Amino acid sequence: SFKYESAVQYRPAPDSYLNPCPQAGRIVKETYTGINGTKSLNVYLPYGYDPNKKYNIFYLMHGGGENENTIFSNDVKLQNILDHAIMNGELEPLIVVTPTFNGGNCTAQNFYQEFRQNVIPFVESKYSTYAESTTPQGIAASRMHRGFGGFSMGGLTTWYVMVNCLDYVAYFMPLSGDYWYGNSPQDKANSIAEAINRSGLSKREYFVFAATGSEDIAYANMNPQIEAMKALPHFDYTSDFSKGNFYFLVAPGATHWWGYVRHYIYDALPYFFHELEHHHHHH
């Protein structure tokens, strides 16, 4: 069974995990209408999905030039990794949603508004998450069971989601993207700190697992931000989320490509959703 490490290291999923698994989760293409017009997304349901059980949910955003289909396309194949990891007990079953910041007036920076108003209620009123209802109250009450992450421009999306949606989301996975709000790393960290202040949340109620590659140009602006965030009292640096709430995984030699980034998800996603979980697990 999964056990937290305090300084988890980069490790790719075995090559066999990139091939289809017999215990395949179902991927459902959905279309909805929101503040940015009619748009689509994909919903990965785990193998064995039972709508009378409750699942954690992770929303995962593509990068620049991509779309809601990329992550489950032949160019990434994340579903194969998810399938194999869940089958082998490395990852607890959960719902994974791949939306898009394309369409209408939407941008990577402003997607959080559509996320709050349209995406969460649409998805979580159709599929069984810990949200008993999808009113603002129902979404907020299930925040410990909701995560957001994304790559590149989708990492930027993640940071804007964090600063504007702490009330709705507890776990964040920014991959190869920095937060564009501010003229210095301190401005950036302070903005995040101010959001945490406003939320009233404790340090045991939000968690950030950031990652990039040592040869990924995102590192240049990410690293300084991470360092500034480390200096804040709001974050306790360690991958052991039973103790702290902030980690930055840097994959040696990895470049700005989903071929690597998919493994960051393999490495990090198993770390999410255990704190205050409703199951009796030892991690």
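One rule holds for the numbers: they count along the sequence shown, beginning at 1.
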Comparing average C-alpha B factors as deposited, tell me which of 70 to 78 and 133 to 141 sits higher. 133 to 141
Of 94 to 102 and 118 to 126, the stretch with the higher mean C-alpha B-factor in the deposited entry is 118 to 126
With respect to the C-alpha temperature factors reported in the PDB entry, which of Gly213, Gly182, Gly150, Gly147 ranks highest? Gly182
What third of the chain does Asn245 rank in for C-alpha temperature factor, lowest, middle or highest? lowest
Entry-reported Cα temperature factor of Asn190, expressed as the chain third it lands in: highest
Should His84 be placed in the lowest, middle or highest third of its chain by the C-alpha B factor in the entry? lowest
Entry-reported Cα temperature factor of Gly63, expressed as the chain third it lands in: lowest
Among the modelled residues of this chain, does the Cα B factor of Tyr237 put it in the lowest, middle or highest third? middle
